[PDB]
Amino acid sequence: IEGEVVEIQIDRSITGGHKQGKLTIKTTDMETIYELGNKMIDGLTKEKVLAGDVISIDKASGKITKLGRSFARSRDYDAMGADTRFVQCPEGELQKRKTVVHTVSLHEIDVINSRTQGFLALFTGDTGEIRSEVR
Amino acid sequence: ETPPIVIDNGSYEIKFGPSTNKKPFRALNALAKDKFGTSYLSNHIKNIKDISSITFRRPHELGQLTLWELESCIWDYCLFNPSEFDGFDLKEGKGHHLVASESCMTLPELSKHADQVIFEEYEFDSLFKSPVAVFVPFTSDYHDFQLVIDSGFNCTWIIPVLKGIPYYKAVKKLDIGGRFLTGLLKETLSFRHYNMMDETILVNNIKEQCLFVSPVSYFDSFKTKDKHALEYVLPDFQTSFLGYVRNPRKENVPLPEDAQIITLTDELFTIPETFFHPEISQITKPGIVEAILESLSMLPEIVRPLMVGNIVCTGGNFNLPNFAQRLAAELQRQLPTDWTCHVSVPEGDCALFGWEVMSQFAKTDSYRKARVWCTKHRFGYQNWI
Amino acid sequence: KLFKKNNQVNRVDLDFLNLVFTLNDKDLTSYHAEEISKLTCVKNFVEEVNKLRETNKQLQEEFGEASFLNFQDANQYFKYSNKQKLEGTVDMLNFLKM
Amino acid sequence: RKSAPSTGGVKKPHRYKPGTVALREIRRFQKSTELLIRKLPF
Amino acid sequence: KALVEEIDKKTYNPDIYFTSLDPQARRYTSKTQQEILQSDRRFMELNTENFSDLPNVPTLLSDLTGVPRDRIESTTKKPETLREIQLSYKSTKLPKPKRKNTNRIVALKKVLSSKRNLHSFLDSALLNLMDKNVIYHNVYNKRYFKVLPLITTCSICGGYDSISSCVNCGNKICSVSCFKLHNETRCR
Amino acid sequence: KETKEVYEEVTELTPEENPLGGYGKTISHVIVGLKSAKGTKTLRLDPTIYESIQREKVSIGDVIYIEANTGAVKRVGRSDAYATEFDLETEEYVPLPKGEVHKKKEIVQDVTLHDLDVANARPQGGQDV
Ligand SMILES: Nc1ncnc2c1ncn2[C@@H]1O[C@H](COP(=O)(O)OP(=O)(O)O)[C@@H](O)[C@H]1O
Ligand code: BEF
Ligand SMILES: [Mg+2]
Ligand SMILES: [Zn+2]
Ligand SMILES: [Zn+2]
């Protein structure tokens, strides 16, 4: 789920419930509002997310993709000083499930499986005689 | 005459007939106050050709049965007419026995007045009345401990029974019943279509013939609605008064009867879901499962698993398909693994099942014990607490 | 994700079978080892596994392996609570013997 | 007995008609040419 | 996160950060009788099988429940039964007592009339049922609504997939068109 | 070959105190409950398993499977029972398991001694040096 936001609501723990949260998200076509998920307050507070940016959330992963700031009207967004690479025009509809095609080779898979952090070994070349049963 | 007349006082239909035939007869208990200038008896409503103009006053209301004049007229039209109902003849009934069925929530004043009405107008020498759950033990040979659900036309009831005797201390009621499916069904049809007025049998027969009860939850029903749809044709009131069932794979009749094909994909499942999650229908009803668990909680732990071990169903709410497996799955949940529950609900038909049960009860010694203060120790339920 | 999904199916705990023994060195002696491995094998559990088999027999006499629950045990709930304990504890003591 | 009183006497079906045609015309045909003040005063 | 953050020695609220981002005016998360009133009204309508009877339905529910009809209709959009039972068959029924006034009615009212009506039956004081209602209904809690309560499927197009809720009304919407018209026409 | 008995939402959890010694504080017992599908059942255990499940960071209302052999328990995920608790979330929906409160399954494994001795020689563990 992507779309331009306006502000971010992150509340504290109170008597009634866990927290308070109501994100209004805008796009080119239609703008709506959603609510937090307890963990999402921590996820949004991990980084200093500025109010009014195009950030995409995959609920299957929960990874914030701060691609750029909210385009909306560029009269207030005409002198960023570079940054965000000419932001991005919002696409409108929000509920989208797009497949991701990833191309990998057998070496990457076995190197990843071999060690605790196989990607670092892949990027450094210290694999050291990978065992055959893994292969 | 030892074999009595098996009278089953029901809000929708009152069963009757002798205690010998294997097939009970049908007679709707309602008045068709037709606006076009005619009025019909209890068996002259199914032969009328105009339905878009009617407003009935049923004797049975949310509380109790009210219009005694209509009930008496239906009684004297039913028993004193042997041509309409073959094999049903009785002039006075001085020596004839009688069996009557009524709700457990009957007030003492109603019990006294009704029993006196029987004793004075019909002069039955002996009679016996009890709620439908009390007939379950009669099915020693007669049973002792069962749990009975009475999904009545007015209100659904929960009856714990021990020693063949109801336990009225933990009796629970839930108004969700007949009377209601047609309610949200008609409301949804009016919301998704045009406005229809002055009709009370279209939605009822629609529920009776082309609905079922929520395969396991709301989810299966609300996506499988499209593939398992059925386009019931609304009978246009300009020429027609009764409709028929159509399905996109087993079309009974494909001709447009006065056009106007209604696509019943959505709202096929609302009422079949109000029995457990009324919050979907924006109503604060508990549900049958919450009521039964509350009644069991009030029941002592010594007797709790025994009642859930033998579950039976009474009433016509179970006539529609897809009812036994859902309730079985539900009672499978809630109850922990320590206590195991067995499903022994009647196979659909229950009004006839209760008729057969009371027919059997008329042939045993149970009827000869509490047969005629009359509404106190024989028809009275205080001695059975 | 595509790999660490069958660990809930085909995982086998070699540690459960005591096949990681090399890491379990610096905490044990043998004077308890042989004594317990014999005593708990025969004399400590002869009075337990046989008692729990007797509770199996007690369940059988209780109600037909729960067959006569609604007809015989209908009016008695204490025997119900005995029957819930018997088979559970005998299975747990079988686990204890393994 | 049976039913000595009643036996009908008065029944009448009615309600709606005048507004149904107007609403169907409004939905199937837009409205224009609004009211103008009387010509002779002007 | 980026290293070195500038704090103005004010606000200093690490967990709280927002202004409102409401577009909802009211307090959805924090600070009823309207719910139960509409519930009983739509329940009596659920009892009715006629749409022409709908004007007569409020009169029936006012006569049965006893609550005034005017206030209920403005807000929301059995002794009586014994009374018409007594007046129904004045020519047939004969109400003669048989000592019934001093033998059974006391314990009868203790057992059956412990809760006078269905509303009391669902809220019996002999045990707990409203808390039982909340425990069983694992859908929403009371008072503090941390979820911005909502409703059912697409109300116009009849769609099923991609359901969501409009900001103001809360009327559930799905797909497009109906998701747009149920927002524009129901924009409150 | 080897057989395993495993116990599989969670109804509740509650610890049970005075240590009668120099220890600071502890719980005499811990009582928990598991929902599952084939009926629910409560469970009494030792605060060690309570500590382990606390380290697993599992919500009170959640689906949990607990190993009877050693007590190792991992977060199965957010159960399907508490669906759409809020408008947006990230936890897996994890449909509730269909089975008894406790389940016994037979496992057959085929390994070589070469895996055995390298497993023996290679050390394991967590934060130890
Ligand atoms: N086709 C149907 N679908 C669902 N429910 C039905 C159908 N036909 C009848 N019923 C229900 O069966 C109930 C039977 O109630 P009944 O036993 O007559 O109550 P009582 O015993 O109090 O007179 C009716 O109240 C109605 O709710
Ligand atoms: F009142 Be019913 F339909 F038997
Ligand atoms: Mg009946
Ligand atoms: Zn729609
Ligand atoms: Zn809105």
# chains A, B, ... in the order shown; residues from 1 in each chain; ligands from 1
call {"tool": "interface_residues", "arguments": {"of": "chain F", "to": "chain C", "cutoff": "8 Å", "atoms": "only C-alpha atoms", "output": "PyMOL selection string"}}
result
chain F and resi 69-70+107+109+116+119-121+123
call {"tool": "residues_around", "arguments": {"residues": "residue 6 (chain D)", "least_positions_apart": "6", "cutoff": "12 Å", "atoms": "only C-alpha atoms", "output": "PyMOL selection string"}}
result
chain B and resi 33+38-40+69-70
call {"tool": "write_last_selection", "arguments": {"atoms": "C-alpha atoms", "output": "PDB file, in the first residue's frame"}}
result
ATOM      1  CA  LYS B  33     -57.445  -9.580   5.650  1.00  0.00           C
ATOM      2  CA  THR B  38     -62.679 -10.479   0.805  1.00  0.00           C
ATOM      3  CA  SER B  39     -61.643 -12.346   3.942  1.00  0.00           C
ATOM      4  CA  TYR B  40     -60.491 -15.955   4.161  1.00  0.00           C
ATOM      5  CA  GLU B  69     -61.615 -15.067  18.596  1.00  0.00           C
ATOM      6  CA  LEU B  70     -59.487 -16.083  15.605  1.00  0.00           C
TER       7      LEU B  70
END
call {"tool": "interface_residues", "arguments": {"of": "chain A", "to": "chain F", "cutoff": "9 Å", "atoms": "only C-alpha atoms", "output": "PyMOL selection string"}}
result
chain A and resi 34-40+58-62
call {"tool": "closest_atom_pairs", "arguments": {"of": "chain B", "to": "ligand 1", "cutoff": "6 Å", "atoms": "only C-alpha atoms and all ligand atoms", "output": "tab-separated table"}}
result
residue	atom	partner	partner_atom_place_in_ligand_line	distance
B:9	CA	ligand 1	23 (O)	6.0
B:10	CA	ligand 1	23 (O)	3.6
B:11	CA	ligand 1	23 (O)	4.9
B:102	CA	ligand 1	22 (O)	5.9
B:103	CA	ligand 1	22 (O)	4.7
B:151	CA	ligand 1	13 (C)	5.7
B:152	CA	ligand 1	15 (O)	3.3
B:153	CA	ligand 1	25 (O)	1.4
B:154	CA	ligand 1	25 (O)	5.2
B:177	CA	ligand 1	27 (O)	4.5
B:178	CA	ligand 1	27 (O)	2.8
B:207	CA	ligand 1	1 (N)	5.7
B:208	CA	ligand 1	1 (N)	3.5
B:315	CA	ligand 1	14 (C)	3.9
B:316	CA	ligand 1	12 (O)	3.0
B:317	CA	ligand 1	5 (N)	3.2
B:319	CA	ligand 1	2 (C)	5.6
B:320	CA	ligand 1	3 (N)	5.2
call {"tool": "interface_residues", "arguments": {"of": "chain B", "to": "chain D", "cutoff": "10 Å", "atoms": "only C-alpha atoms", "output": "ChimeraX atom specification"}}
result
/B:33-40,52-54,69-70,72-77,80,121,197-198
call {"tool": "write_last_selection", "arguments": {"atoms": "N, CA, C and O atoms", "output": "short mmCIF file (atom, residue, chain, number, x, y, z; two decimals), in the first residue's frame"}}
result
data_model
loop_
_atom_site.label_atom_id
_atom_site.label_comp_id
_atom_site.auth_asym_id
_atom_site.auth_seq_id
_atom_site.Cartn_x
_atom_site.Cartn_y
_atom_site.Cartn_z
N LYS B 33 -56.61 -10.77 5.81
CA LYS B 33 -57.45 -9.58 5.65
C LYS B 33 -57.09 -8.93 4.32
O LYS B 33 -56.25 -8.03 4.25
N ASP B 34 -57.73 -9.39 3.25
CA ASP B 34 -57.45 -8.89 1.92
C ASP B 34 -58.12 -7.53 1.72
O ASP B 34 -59.31 -7.36 2.01
N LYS B 35 -57.35 -6.56 1.22
CA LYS B 35 -57.86 -5.22 1.02
C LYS B 35 -58.84 -5.12 -0.14
O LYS B 35 -59.54 -4.10 -0.24
N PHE B 36 -58.92 -6.13 -1.01
CA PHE B 36 -59.76 -6.03 -2.19
C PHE B 36 -61.23 -6.31 -1.91
O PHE B 36 -62.06 -6.14 -2.81
N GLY B 37 -61.58 -6.72 -0.69
CA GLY B 37 -62.98 -6.86 -0.33
C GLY B 37 -63.37 -8.21 0.24
O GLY B 37 -64.54 -8.43 0.58
N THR B 38 -62.41 -9.12 0.37
CA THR B 38 -62.68 -10.48 0.81
C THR B 38 -61.84 -10.83 2.03
O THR B 38 -60.78 -10.25 2.27
N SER B 39 -62.35 -11.78 2.81
CA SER B 39 -61.64 -12.35 3.94
C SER B 39 -61.70 -13.86 3.85
O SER B 39 -62.69 -14.43 3.38
N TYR B 40 -60.64 -14.52 4.31
CA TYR B 40 -60.49 -15.95 4.16
C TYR B 40 -60.30 -16.62 5.51
O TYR B 40 -59.86 -16.01 6.49
N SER B 52 -50.57 -8.32 -3.49
CA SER B 52 -50.05 -6.97 -3.30
C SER B 52 -50.93 -6.09 -2.43
O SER B 52 -50.62 -4.90 -2.28
N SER B 53 -52.01 -6.62 -1.85
CA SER B 53 -52.88 -5.83 -0.98
C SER B 53 -53.37 -6.76 0.13
O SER B 53 -54.36 -7.48 -0.05
N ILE B 54 -52.69 -6.73 1.28
CA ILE B 54 -53.06 -7.55 2.42
C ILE B 54 -52.42 -6.96 3.67
O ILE B 54 -51.38 -6.30 3.60
N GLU B 69 -60.50 -14.83 19.51
CA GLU B 69 -61.61 -15.07 18.60
C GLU B 69 -61.16 -15.80 17.34
O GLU B 69 -61.82 -16.74 16.89
N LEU B 70 -60.02 -15.39 16.78
CA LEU B 70 -59.49 -16.08 15.61
C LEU B 70 -59.11 -17.52 15.93
O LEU B 70 -59.37 -18.43 15.14
N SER B 72 -60.38 -19.47 18.30
CA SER B 72 -61.60 -20.25 18.48
C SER B 72 -62.27 -20.54 17.14
O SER B 72 -62.76 -21.66 16.92
N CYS B 73 -62.32 -19.55 16.25
CA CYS B 73 -62.92 -19.76 14.94
C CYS B 73 -62.14 -20.81 14.15
O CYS B 73 -62.74 -21.68 13.50
N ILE B 74 -60.81 -20.76 14.20
CA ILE B 74 -60.00 -21.76 13.51
C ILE B 74 -60.23 -23.13 14.11
O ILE B 74 -60.32 -24.14 13.40
N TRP B 75 -60.34 -23.20 15.44
CA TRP B 75 -60.58 -24.48 16.11
C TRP B 75 -61.90 -25.09 15.66
O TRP B 75 -61.96 -26.28 15.31
N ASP B 76 -62.98 -24.30 15.66
CA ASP B 76 -64.28 -24.86 15.31
C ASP B 76 -64.39 -25.13 13.82
O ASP B 76 -65.15 -26.00 13.40
N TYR B 77 -63.64 -24.39 12.99
CA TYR B 77 -63.61 -24.70 11.57
C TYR B 77 -62.81 -25.96 11.29
O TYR B 77 -63.11 -26.70 10.34
N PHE B 80 -64.82 -29.29 13.37
CA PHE B 80 -66.20 -29.55 12.96
C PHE B 80 -66.36 -29.72 11.46
O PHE B 80 -67.49 -29.90 10.99
N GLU B 121 -65.65 -24.83 26.65
CA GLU B 121 -66.14 -24.85 25.27
C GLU B 121 -66.10 -26.26 24.68
O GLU B 121 -66.99 -26.64 23.93
N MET B 197 -44.43 -3.14 -1.30
CA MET B 197 -45.29 -2.89 -0.16
C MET B 197 -46.47 -3.86 -0.15
O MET B 197 -46.84 -4.42 -1.19
N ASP B 198 -47.04 -4.05 1.04
CA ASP B 198 -48.25 -4.84 1.24
C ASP B 198 -48.07 -6.28 0.76
O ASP B 198 -48.77 -6.77 -0.12
#
call {"tool": "interface_residues", "arguments": {"of": "chain B", "to": "chain F", "cutoff": "8 Å", "atoms": "only C-alpha atoms", "output": "list in words"}}
result
residues 332, 333, 334, 335, 336, 337 and 338 of chain B
call {"tool": "write_last_selection", "arguments": {"atoms": "N, CA, C and O atoms", "output": "PDB file, in the first residue's frame"}}
result
ATOM      1  N   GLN B 332     -18.606 -28.121  18.894  1.00  0.00           N
ATOM      2  CA  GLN B 332     -17.268 -28.694  18.969  1.00  0.00           C
ATOM      3  C   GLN B 332     -16.299 -27.701  19.597  1.00  0.00           C
ATOM      4  O   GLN B 332     -15.424 -28.085  20.383  1.00  0.00           O
ATOM      5  N   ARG B 333     -16.452 -26.417  19.279  1.00  0.00           N
ATOM      6  CA  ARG B 333     -15.650 -25.365  19.887  1.00  0.00           C
ATOM      7  C   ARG B 333     -16.318 -25.076  21.240  1.00  0.00           C
ATOM      8  O   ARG B 333     -17.164 -25.844  21.703  1.00  0.00           O
ATOM      9  N   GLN B 334     -15.949 -23.980  21.901  1.00  0.00           N
ATOM     10  CA  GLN B 334     -16.491 -23.595  23.201  1.00  0.00           C
ATOM     11  C   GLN B 334     -16.196 -24.652  24.261  1.00  0.00           C
ATOM     12  O   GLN B 334     -15.460 -24.391  25.219  1.00  0.00           O
ATOM     13  N   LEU B 335     -16.773 -25.838  24.106  1.00  0.00           N
ATOM     14  CA  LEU B 335     -16.562 -26.908  25.075  1.00  0.00           C
ATOM     15  C   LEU B 335     -15.117 -27.395  25.014  1.00  0.00           C
ATOM     16  O   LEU B 335     -14.613 -27.693  23.926  1.00  0.00           O
ATOM     17  N   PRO B 336     -14.420 -27.484  26.149  1.00  0.00           N
ATOM     18  CA  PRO B 336     -13.040 -27.987  26.138  1.00  0.00           C
ATOM     19  C   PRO B 336     -12.950 -29.476  25.840  1.00  0.00           C
ATOM     20  O   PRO B 336     -13.966 -30.137  25.606  1.00  0.00           O
ATOM     21  N   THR B 337     -11.726 -30.012  25.847  1.00  0.00           N
ATOM     22  CA  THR B 337     -11.519 -31.434  25.600  1.00  0.00           C
ATOM     23  C   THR B 337     -11.922 -32.301  26.783  1.00  0.00           C
ATOM     24  O   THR B 337     -12.097 -33.512  26.612  1.00  0.00           O
ATOM     25  N   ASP B 338     -12.063 -31.715  27.974  1.00  0.00           N
ATOM     26  CA  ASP B 338     -12.432 -32.498  29.148  1.00  0.00           C
ATOM     27  C   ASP B 338     -13.825 -33.098  28.996  1.00  0.00           C
ATOM     28  O   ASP B 338     -14.061 -34.246  29.388  1.00  0.00           O
TER      29      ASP B 338
END
call {"tool": "interface_residues", "arguments": {"of": "chain B", "to": "chain C", "cutoff": "7 Å", "atoms": "only C-alpha atoms", "output": "VMD selection string"}}
result
chain B and resid 302 306 309
call {"tool": "write_last_selection", "arguments": {"atoms": "N, CA and C atoms", "output": "PDB file, in the first residue's frame"}}
result
ATOM      1  N   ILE B 302     -21.632 -30.777  38.182  1.00  0.00           N
ATOM      2  CA  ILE B 302     -21.961 -32.198  38.209  1.00  0.00           C
ATOM      3  C   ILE B 302     -22.836 -32.573  37.020  1.00  0.00           C
ATOM      4  N   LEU B 306     -23.390 -33.800  31.067  1.00  0.00           N
ATOM      5  CA  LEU B 306     -24.451 -34.743  30.729  1.00  0.00           C
ATOM      6  C   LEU B 306     -25.431 -34.137  29.732  1.00  0.00           C
ATOM      7  N   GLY B 309     -23.994 -33.853  26.357  1.00  0.00           N
ATOM      8  CA  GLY B 309     -23.788 -35.149  25.736  1.00  0.00           C
ATOM      9  C   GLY B 309     -24.904 -35.590  24.809  1.00  0.00           C
TER      10      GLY B 309
END
call {"tool": "residues_near_ligand", "arguments": {"ligand": "ligand 5", "cutoff": "7 Å", "atoms": "only C-alpha atoms and all ligand atoms", "output": "ChimeraX atom specification"}}
result
/E:166-171,183,186-188
call {"tool": "interface_residues", "arguments": {"of": "chain E", "to": "chain F", "cutoff": "8 Å", "atoms": "only C-alpha atoms", "output": "list in words"}}
result
residues 138, 139, 146 and 147 of chain E
call {"tool": "residues_around", "arguments": {"residues": "residue 114 (chain A)", "least_positions_apart": "5", "cutoff": "9 Å", "atoms": "only C-alpha atoms", "output": "PDB file with N, CA and C atoms, in the first residue's frame"}}
result
ATOM      1  N   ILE A 109      22.345 -18.656  -3.416  1.00  0.00           N
ATOM      2  CA  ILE A 109      21.497 -19.394  -2.482  1.00  0.00           C
ATOM      3  C   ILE A 109      22.347 -20.232  -1.535  1.00  0.00           C
ATOM      4  N   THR A 127      33.894 -17.573   1.289  1.00  0.00           N
ATOM      5  CA  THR A 127      32.979 -18.703   1.429  1.00  0.00           C
ATOM      6  C   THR A 127      33.681 -19.914   2.030  1.00  0.00           C
ATOM      7  N   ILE A 130      32.405 -24.525   0.404  1.00  0.00           N
ATOM      8  CA  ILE A 130      31.039 -24.856   0.790  1.00  0.00           C
ATOM      9  C   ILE A 130      30.828 -26.364   0.731  1.00  0.00           C
ATOM     10  N   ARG A 131      30.078 -26.884   1.699  1.00  0.00           N
ATOM     11  CA  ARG A 131      29.866 -28.318   1.828  1.00  0.00           C
ATOM     12  C   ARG A 131      28.845 -28.829   0.815  1.00  0.00           C
ATOM     13  N   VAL A 134      24.754 -29.380   1.449  1.00  0.00           N
ATOM     14  CA  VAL A 134      23.975 -28.172   1.206  1.00  0.00           C
ATOM     15  C   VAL A 134      23.616 -28.065  -0.268  1.00  0.00           C
TER      16      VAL A 134
END
call {"tool": "closest_residue", "arguments": {"among": "E:7, E:176, E:61, E:46", "to": "residue 156 (chain E)", "atoms": "only C-alpha atoms"}}
result
E:176
call {"tool": "residues_near_ligand", "arguments": {"ligand": "ligand 4", "cutoff": "6 Å", "atoms": "only C-alpha atoms and all ligand atoms", "output": "ChimeraX atom specification"}}
result
/E:154-159,178-179
call {"tool": "write_last_selection", "arguments": {"atoms": "C-alpha atoms", "output": "short mmCIF file (atom, residue, chain, number, x, y, z; two decimals), in the first residue's frame"}}
result
data_model
loop_
_atom_site.label_atom_id
_atom_site.label_comp_id
_atom_site.auth_asym_id
_atom_site.auth_seq_id
_atom_site.Cartn_x
_atom_site.Cartn_y
_atom_site.Cartn_z
CA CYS E 154 -20.61 -2.87 -0.33
CA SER E 155 -24.09 -1.41 0.08
CA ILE E 156 -24.81 -0.37 -3.53
CA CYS E 157 -22.90 -2.33 -6.16
CA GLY E 158 -22.99 -5.54 -4.13
CA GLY E 159 -19.25 -6.10 -4.46
CA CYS E 178 -19.97 2.34 -5.35
CA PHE E 179 -16.87 2.97 -3.24
#
call {"tool": "interface_residues", "arguments": {"of": "chain A", "to": "chain E", "cutoff": "10 Å", "atoms": "only C-alpha atoms", "output": "short mmCIF file (atom, residue, chain, number, x, y, z; two decimals) with N, CA and C atoms, in the first residue's frame"}}
result
data_model
loop_
_atom_site.label_atom_id
_atom_site.label_comp_id
_atom_site.auth_asym_id
_atom_site.auth_seq_id
_atom_site.Cartn_x
_atom_site.Cartn_y
_atom_site.Cartn_z
N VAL A 5 1.02 10.78 2.32
CA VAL A 5 0.48 10.99 3.65
C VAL A 5 0.41 12.49 3.91
N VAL A 6 -0.30 12.87 4.96
CA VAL A 6 -0.36 14.26 5.42
C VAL A 6 0.43 14.45 6.71
N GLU A 7 0.09 13.69 7.75
CA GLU A 7 0.83 13.68 9.00
C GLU A 7 0.90 12.24 9.50
N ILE A 8 1.59 12.04 10.62
CA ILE A 8 1.69 10.73 11.27
C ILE A 8 1.22 10.88 12.70
N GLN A 9 0.37 9.95 13.15
CA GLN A 9 -0.18 9.96 14.50
C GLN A 9 0.44 8.80 15.28
N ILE A 10 1.21 9.13 16.31
CA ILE A 10 1.81 8.13 17.18
C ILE A 10 1.54 8.55 18.62
N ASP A 11 0.76 7.74 19.34
CA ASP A 11 0.30 8.06 20.68
C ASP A 11 0.97 7.15 21.70
N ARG A 12 0.74 7.46 22.97
CA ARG A 12 1.29 6.71 24.09
C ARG A 12 0.28 5.69 24.60
N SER A 13 0.70 4.89 25.58
CA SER A 13 -0.17 3.91 26.19
C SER A 13 -1.02 4.56 27.27
N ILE A 14 -2.33 4.35 27.20
CA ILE A 14 -3.28 4.96 28.12
C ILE A 14 -4.18 3.87 28.70
N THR A 15 -5.11 4.29 29.56
CA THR A 15 -5.96 3.34 30.27
C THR A 15 -6.87 2.58 29.32
N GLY A 16 -7.43 3.27 28.32
CA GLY A 16 -8.43 2.64 27.47
C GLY A 16 -7.87 1.51 26.62
N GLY A 17 -6.71 1.73 26.01
CA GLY A 17 -6.16 0.75 25.11
C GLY A 17 -4.67 0.91 24.94
N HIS A 18 -4.14 0.25 23.90
CA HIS A 18 -2.70 0.24 23.69
C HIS A 18 -2.19 1.61 23.24
N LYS A 19 -2.86 2.22 22.26
CA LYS A 19 -2.35 3.43 21.62
C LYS A 19 -3.45 4.03 20.77
N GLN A 20 -3.17 5.22 20.23
CA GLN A 20 -4.09 5.93 19.34
C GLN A 20 -3.38 6.20 18.02
N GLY A 21 -4.07 5.92 16.91
CA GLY A 21 -3.49 6.18 15.61
C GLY A 21 -4.48 6.21 14.46
N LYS A 22 -4.40 7.24 13.62
CA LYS A 22 -5.32 7.41 12.50
C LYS A 22 -4.58 8.13 11.38
N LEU A 23 -4.01 7.37 10.44
CA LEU A 23 -3.26 7.94 9.32
C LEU A 23 -4.20 8.27 8.17
N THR A 24 -4.24 9.55 7.79
CA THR A 24 -4.90 9.96 6.56
C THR A 24 -3.88 9.96 5.42
N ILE A 25 -4.19 9.24 4.35
CA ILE A 25 -3.30 9.09 3.21
C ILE A 25 -4.01 9.61 1.97
N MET A 30 -8.16 9.54 -4.86
CA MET A 30 -9.01 9.44 -3.69
C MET A 30 -8.15 9.26 -2.45
N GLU A 31 -8.59 9.87 -1.35
CA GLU A 31 -7.84 9.95 -0.10
C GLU A 31 -8.67 9.36 1.03
N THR A 32 -8.05 8.51 1.85
CA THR A 32 -8.75 7.80 2.92
C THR A 32 -7.89 7.84 4.18
N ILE A 33 -8.29 7.05 5.17
CA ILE A 33 -7.64 7.03 6.48
C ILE A 33 -7.53 5.58 6.95
N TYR A 34 -6.42 5.26 7.63
CA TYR A 34 -6.20 3.95 8.22
C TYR A 34 -5.75 4.11 9.67
N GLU A 35 -5.54 2.98 10.34
CA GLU A 35 -5.20 2.95 11.76
C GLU A 35 -3.91 2.17 11.97
N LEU A 36 -3.35 2.29 13.18
CA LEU A 36 -2.06 1.69 13.49
C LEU A 36 -2.20 0.18 13.69
N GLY A 37 -1.07 -0.47 13.96
CA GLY A 37 -1.04 -1.88 14.29
C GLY A 37 -0.14 -2.22 15.46
N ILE A 41 3.68 1.75 15.19
CA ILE A 41 4.22 2.92 15.89
C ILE A 41 5.73 2.79 16.05
N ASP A 42 6.21 1.61 16.48
CA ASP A 42 7.65 1.42 16.62
C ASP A 42 8.35 1.50 15.28
N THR A 45 8.50 5.15 14.28
CA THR A 45 9.41 5.89 15.15
C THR A 45 10.86 5.46 15.00
N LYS A 46 11.12 4.34 14.33
CA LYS A 46 12.50 3.94 14.07
C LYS A 46 13.24 5.01 13.29
N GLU A 47 12.58 5.61 12.30
CA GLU A 47 13.15 6.70 11.52
C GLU A 47 12.31 7.95 11.71
N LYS A 48 12.95 9.11 11.57
CA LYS A 48 12.27 10.39 11.70
C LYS A 48 11.53 10.68 10.40
N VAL A 49 10.32 10.13 10.31
CA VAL A 49 9.50 10.28 9.10
C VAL A 49 8.85 11.66 9.12
N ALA A 51 6.27 14.57 8.01
CA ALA A 51 4.87 14.56 7.65
C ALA A 51 4.69 14.98 6.19
N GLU A 93 -5.28 4.86 -6.84
CA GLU A 93 -5.72 3.69 -6.09
C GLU A 93 -4.58 3.16 -5.22
N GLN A 95 -4.99 -0.01 -2.96
CA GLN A 95 -4.97 -1.46 -2.75
C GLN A 95 -4.39 -2.08 -4.02
N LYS A 96 -3.11 -2.43 -3.97
CA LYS A 96 -2.42 -3.03 -5.11
C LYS A 96 -1.54 -4.17 -4.63
#
call {"tool": "atom_distance", "arguments": {"atom1": "CA of residue 173 (chain E)", "atom2": "CA of residue 153 (chain E)"}}
result
6.9 Å
call {"tool": "select_by_dssp", "arguments": {"residues": "region 6-152 of chain B", "states": "strand (DSSP E)", "output": "MDAnalysis selection string"}}
result
chainID B and resid 6 32:33 39:40 98:101 127:130 146:151
call {"tool": "residues_around", "arguments": {"residues": "region 40-42 of chain C", "least_positions_apart": "4", "cutoff": "8 Å", "atoms": "only C-alpha atoms", "output": "list in words"}}
result
residues 36, 46 and 97 of chain C
call {"tool": "write_last_selection", "arguments": {"atoms": "C-alpha atoms", "output": "tab-separated table (two decimals), in the first residue's frame"}}
result
chain	number	residue	atom	x	y	z
C	36	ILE	CA	20.10	-44.01	38.77
C	46	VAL	CA	7.94	-50.65	38.80
C	97	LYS	CA	9.70	-44.26	30.87
